[PDB]
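Participant: This is start_11.cif (mmCIF, C-alpha atoms and all ligand atoms).
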data_model
loop_
_atom_site.label_atom_id
_atom_site.label_comp_id
_atom_site.auth_asym_id
_atom_site.auth_seq_id
_atom_site.Cartn_x
_atom_site.Cartn_y
_atom_site.Cartn_z
CA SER U 1 44.13 -33.33 59.00
CA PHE U 2 45.86 -32.11 62.19
CA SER U 3 45.70 -35.08 64.57
CA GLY U 4 46.48 -35.66 68.22
CA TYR U 5 46.33 -32.03 69.37
CA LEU U 6 45.25 -31.06 72.86
CA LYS U 7 42.70 -28.24 72.90
CA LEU U 8 43.74 -25.17 74.90
CA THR U 9 41.02 -22.68 73.95
CA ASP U 10 38.38 -22.19 71.29
CA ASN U 11 41.08 -21.50 68.69
CA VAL U 12 44.44 -22.73 70.08
CA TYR U 13 45.62 -26.36 70.01
CA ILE U 14 48.97 -27.87 71.06
CA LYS U 15 50.97 -31.06 70.45
CA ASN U 16 54.38 -32.47 71.44
CA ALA U 17 55.78 -32.78 67.93
CA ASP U 18 58.49 -31.58 65.58
CA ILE U 19 57.00 -28.81 63.43
CA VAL U 20 58.91 -30.19 60.42
CA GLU U 21 57.26 -33.61 60.78
CA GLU U 22 53.84 -32.03 61.32
CA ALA U 23 54.29 -29.90 58.23
CA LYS U 24 55.48 -32.86 56.15
CA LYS U 25 52.45 -34.93 57.20
CA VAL U 26 49.70 -32.26 57.10
CA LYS U 27 51.00 -29.97 54.32
CA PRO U 28 49.16 -27.00 55.88
CA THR U 29 48.34 -23.79 54.07
CA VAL U 30 50.66 -21.88 56.45
CA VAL U 31 53.62 -22.97 58.55
CA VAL U 32 55.11 -20.28 60.80
CA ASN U 33 58.85 -19.83 61.16
CA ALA U 34 60.40 -18.24 64.29
CA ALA U 35 62.74 -16.01 62.31
CA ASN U 36 65.35 -13.34 62.85
CA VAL U 37 65.20 -10.03 60.97
CA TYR U 38 67.82 -11.18 58.44
CA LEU U 39 66.01 -14.44 57.63
CA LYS U 40 69.26 -16.31 58.41
CA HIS U 41 67.76 -19.70 59.26
CA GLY U 42 70.50 -21.16 61.42
CA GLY U 43 68.97 -23.30 64.15
CA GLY U 44 65.83 -24.20 66.05
CA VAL U 45 62.63 -24.07 64.03
CA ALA U 46 64.15 -21.98 61.23
CA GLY U 47 67.20 -24.15 60.73
CA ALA U 48 65.11 -27.32 60.81
CA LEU U 49 62.49 -26.00 58.37
CA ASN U 50 65.18 -24.74 56.03
CA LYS U 51 67.09 -28.05 56.14
CA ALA U 52 63.89 -29.90 55.27
CA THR U 53 63.54 -27.68 52.16
CA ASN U 54 67.10 -28.62 51.12
CA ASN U 55 68.06 -24.95 51.56
CA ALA U 56 65.41 -23.61 49.15
CA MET U 57 63.94 -21.55 52.00
CA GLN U 58 67.31 -19.86 52.59
CA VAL U 59 67.90 -19.17 48.88
CA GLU U 60 64.44 -17.56 48.62
CA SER U 61 65.00 -15.63 51.85
CA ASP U 62 68.30 -14.22 50.63
CA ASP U 63 66.56 -12.77 47.57
CA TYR U 64 63.77 -11.39 49.80
CA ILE U 65 66.31 -9.55 51.96
CA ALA U 66 68.32 -8.32 48.97
CA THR U 67 65.13 -6.76 47.56
CA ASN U 68 63.39 -5.56 50.73
CA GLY U 69 65.91 -5.37 53.56
CA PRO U 70 65.52 -6.77 57.08
CA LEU U 71 62.19 -7.41 58.70
CA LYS U 72 61.16 -5.48 61.80
CA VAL U 73 61.26 -7.12 65.21
CA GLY U 74 57.61 -8.13 65.66
CA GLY U 75 57.19 -8.16 61.88
CA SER U 76 56.70 -10.83 59.26
CA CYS U 77 56.68 -11.75 55.61
CA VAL U 78 54.91 -14.45 53.60
CA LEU U 79 57.17 -16.63 51.46
CA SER U 80 56.81 -20.09 49.93
CA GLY U 81 56.34 -23.15 52.10
CA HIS U 82 58.27 -25.22 49.55
CA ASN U 83 57.78 -28.97 50.13
CA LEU U 84 56.37 -28.40 53.64
CA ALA U 85 53.32 -26.11 53.24
CA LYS U 86 51.77 -23.75 50.71
CA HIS U 87 53.25 -20.71 52.49
CA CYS U 88 55.72 -19.98 55.24
CA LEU U 89 54.90 -16.99 57.44
CA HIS U 90 58.28 -15.85 58.77
CA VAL U 91 57.64 -14.02 62.07
CA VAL U 92 60.30 -12.27 64.17
CA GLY U 93 59.78 -12.46 67.91
CA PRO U 94 61.94 -10.27 70.16
CA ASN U 95 65.42 -11.48 71.00
CA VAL U 96 65.03 -10.92 74.71
CA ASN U 97 68.53 -12.28 75.33
CA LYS U 98 69.88 -9.32 73.29
CA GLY U 99 67.80 -6.63 74.98
CA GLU U 100 64.80 -6.48 72.66
CA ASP U 101 61.48 -5.62 74.30
CA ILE U 102 59.38 -8.64 75.27
CA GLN U 103 56.28 -6.52 74.55
CA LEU U 104 57.05 -7.01 70.82
CA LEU U 105 56.05 -10.65 71.23
CA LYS U 106 52.41 -9.50 71.11
CA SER U 107 53.08 -7.61 67.86
CA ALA U 108 54.72 -10.75 66.49
CA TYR U 109 51.70 -12.95 67.25
CA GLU U 110 49.32 -10.36 65.75
CA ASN U 111 50.68 -11.38 62.34
CA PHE U 112 48.96 -14.76 62.80
CA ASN U 113 45.54 -13.05 62.63
CA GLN U 114 46.05 -12.46 58.89
CA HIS U 115 45.72 -16.24 58.29
CA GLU U 116 42.73 -18.45 59.04
CA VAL U 117 44.74 -21.58 59.97
CA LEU U 118 48.40 -21.89 60.98
CA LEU U 119 50.85 -24.54 62.14
CA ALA U 120 53.25 -22.65 64.40
CA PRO U 121 55.95 -22.76 67.07
CA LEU U 122 56.22 -20.78 70.32
CA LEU U 123 57.91 -17.58 69.18
CA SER U 124 60.92 -16.32 71.15
CA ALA U 125 60.81 -19.32 73.52
CA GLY U 126 64.05 -20.92 72.33
CA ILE U 127 67.33 -19.20 71.59
CA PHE U 128 65.64 -15.76 71.89
CA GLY U 129 65.13 -16.36 75.63
CA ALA U 130 61.50 -15.49 76.38
CA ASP U 131 59.86 -17.58 79.07
CA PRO U 132 57.99 -20.33 77.17
CA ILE U 133 54.83 -20.14 79.28
CA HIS U 134 54.77 -16.39 78.63
CA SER U 135 54.99 -16.96 74.88
CA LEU U 136 52.10 -19.44 75.09
CA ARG U 137 49.98 -16.99 77.11
CA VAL U 138 50.66 -14.16 74.65
CA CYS U 139 49.69 -16.49 71.79
CA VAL U 140 46.40 -17.45 73.45
CA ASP U 141 45.63 -13.81 74.33
CA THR U 142 46.54 -12.41 70.90
CA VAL U 143 45.76 -14.92 68.15
CA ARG U 144 42.09 -15.20 67.20
CA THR U 145 42.51 -17.45 64.14
CA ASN U 146 43.06 -21.20 64.41
CA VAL U 147 46.58 -22.04 65.51
CA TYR U 148 48.09 -25.52 65.94
CA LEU U 149 51.22 -25.25 68.09
CA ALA U 150 53.99 -27.83 67.70
CA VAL U 151 56.24 -28.07 70.79
CA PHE U 152 59.35 -30.16 70.04
CA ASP U 153 60.55 -30.59 73.61
CA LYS U 154 58.67 -33.21 75.66
CA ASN U 155 59.62 -31.81 79.06
CA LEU U 156 58.50 -28.35 77.99
CA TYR U 157 55.21 -29.62 76.55
CA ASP U 158 54.37 -31.49 79.75
CA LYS U 159 55.01 -28.34 81.78
CA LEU U 160 53.04 -26.02 79.46
CA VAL U 161 49.89 -28.16 79.35
CA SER U 162 49.84 -28.30 83.17
CA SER U 163 50.11 -24.46 83.54
CA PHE U 164 47.33 -21.86 83.75
CA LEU U 165 46.90 -19.60 80.72
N1 LIG H 201 61.73 -28.54 65.05
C1 LIG H 201 61.00 -27.91 66.05
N2 LIG H 201 59.69 -28.12 66.12
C2 LIG H 201 58.97 -27.49 67.06
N3 LIG H 201 59.44 -26.67 68.01
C3 LIG H 201 60.76 -26.48 67.93
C4 LIG H 201 61.61 -27.06 66.98
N4 LIG H 201 62.89 -26.62 67.21
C5 LIG H 201 62.81 -25.80 68.25
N5 LIG H 201 61.54 -25.71 68.72
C6 LIG H 201 61.03 -24.92 69.83
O1 LIG H 201 60.46 -23.69 69.24
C7 LIG H 201 60.57 -22.67 70.18
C8 LIG H 201 61.27 -21.48 69.54
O2 LIG H 201 62.67 -21.74 69.49
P1 LIG H 201 63.62 -21.14 68.34
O3 LIG H 201 63.43 -21.87 67.07
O4 LIG H 201 64.98 -21.10 68.95
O5 LIG H 201 63.00 -19.68 68.10
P2 LIG H 201 63.20 -18.25 68.83
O6 LIG H 201 62.06 -17.41 68.36
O7 LIG H 201 63.41 -18.43 70.29
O8 LIG H 201 64.57 -17.73 68.23
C9 LIG H 201 64.64 -17.33 66.85
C10 LIG H 201 65.97 -17.77 66.32
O9 LIG H 201 65.95 -19.15 66.24
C11 LIG H 201 66.59 -19.57 64.99
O10 LIG H 201 67.89 -19.74 65.18
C12 LIG H 201 66.19 -18.35 64.08
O11 LIG H 201 66.97 -18.38 62.85
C13 LIG H 201 66.25 -17.23 64.86
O12 LIG H 201 67.53 -16.54 64.80
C14 LIG H 201 61.28 -23.23 71.43
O13 LIG H 201 60.33 -23.53 72.42
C15 LIG H 201 61.95 -24.49 70.84
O14 LIG H 201 62.10 -25.57 71.78
#
Could you render the structure from this file as structure tokens?
Facilitator:
Amino acid sequence: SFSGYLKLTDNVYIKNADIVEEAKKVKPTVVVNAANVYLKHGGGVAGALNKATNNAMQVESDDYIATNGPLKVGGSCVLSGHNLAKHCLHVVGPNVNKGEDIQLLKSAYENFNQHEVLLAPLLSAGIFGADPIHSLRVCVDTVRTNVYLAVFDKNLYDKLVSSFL
């Protein structure tokens, strides 16, 4: 039931939309969160997803960390999607603004290949400081399963869809 997406490649689609609103409407099997290793969902995609779950995502995440410890940069875990999706795949892109290696963005996107269909954001392209077009290119060149990208920012979307991949 994904609607209004622009096709980028065989398997990658993109839309200027809030991932929270897409998730609410579509109720996908998997929504991806752009997480940090502590699953502290403060802002951006994570903060918005968590707010939409009325903090249930954070409560669940705190138990996950208490049991298992921090994720790896480039790593992931599958948790509930609460009222938004069946599952949330929390994926940690590199925090390039804090010196983490941009190469780990490829490792981060590889987690998507474990799921047939995902609704996802551009990892690392916000507060983590990776160039957004680079994140999109890594996504296209790494993910082989079917990924529906929700780009909140209109100006960014318009630039991305007019750029070579
Ligand atoms: N509601 C939204 N829907 C779709 N895209 C969004 C939304 N909000 C932001 N974006 C875009 O989504 C992209 C990613 O922006 P970011 O969410 O910062 O993720 P990161 O991987 O760079 O930083 C991770 C940290 O962000 C959190 O604080 C976490 O808790 C982590 O600490 C950008 O292009 C945004 O414009």
Participant: Each side padded by 6 Å, which centre and which edge lengths in Å (one decimal) define the axis-aligned box around the listed atoms of region 137-153 of chain U? Give them as JSON.
Facilitator:
{"center_x": 51.3, "center_y": -21.5, "center_z": 70.6, "size_x": 30.5, "size_y": 30.2, "size_z": 25.0}
Participant: Just the number, please: distance in Å from CA of residue 100 (chain U) to CA of residue 43 (chain U), one decimal.
Facilitator: 19.3 Å
Participant: Show which residues sit within 8 Å of residue 152 (chain U), as a list in words. Count all atoms listed in the file, and ignore same-chain residues fewer than 2 positions away.
Facilitator: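 Using all atoms listed in the file, the neighbours found are residues 16, 17, 18, 19, 150, 154 and 157 of chain U.
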Participant: Mind pulling up the distance from CA of residue 69 (chain U) to atom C2 of ligand LIG 201 (chain H)?
Facilitator: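 Going from atom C2 of ligand LIG 201 (chain H) over to CA of residue 69 (chain U) covers 26.8 Å.
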Participant: Do you know which residues are at most 6 Å from region 115-121 of chain U counting only C-alpha atoms, after dropping those on the same chain fewer than 5 positions away, and could you put them as an MDAnalysis selection string?
Facilitator: chainID U and resid 30:32 145:150
Participant: Return as JSON, numbers by chain every polymer residue, whether protein, DNA or RNA, with at least one atom no more than 6 Å from an atom of ligand LIG 201 (chain H); count all atoms listed in the file.
Facilitator: {"U": [18, 19, 20, 34, 35, 36, 40, 41, 42, 43, 44, 45, 46, 48, 93, 121, 122, 123, 124, 125, 126, 127, 128, 129, 150, 151, 152, 153]}
Participant: Mind pulling up the distance from CA of residue 113 (chain U) to CA of residue 77 (chain U)?
Facilitator: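 It comes out at 13.2 Å.
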Participant: Smallest atom-to-atom distance to residue 71 (chain U): which of U:91, U:12, U:6, U:102, using all atoms listed in the file?
Facilitator: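 Of U:91, U:12, U:6, U:102, the one nearest residue 71 (chain U), counting all atoms listed in the file, is U:91.
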Participant: Identify which of the residues U:130, U:49, U:139, U:85 lies closest to residue 106 (chain U), counting only C-alpha atoms when measuring atom-to-atom distances.
Facilitator: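 Of the candidates, the smallest distance to residue 106 (chain U) is held by U:139.
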Participant: Counting all atoms listed in the file, figure out which residue out of U:89, U:143, U:161, U:156 gets nearest to residue 10 (chain U).
Facilitator: U:143
Participant: Excluding region 54-62 of chain U and any residue of its chain fewer than 6 positions from it, enumerate the residues within 9 Å of it, using only C-alpha atoms, and give them as a list in words.
Facilitator: residues 38, 39, 40, 41, 79, 80, 81, 82 and 88 of chain U
Participant: Which one of U:37, U:160, U:165, U:78 sits closest to residue 65 (chain U) if you count only C-alpha atoms?
Facilitator: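 Of U:37, U:160, U:165, U:78, the one nearest residue 65 (chain U), counting only C-alpha atoms, is U:37.
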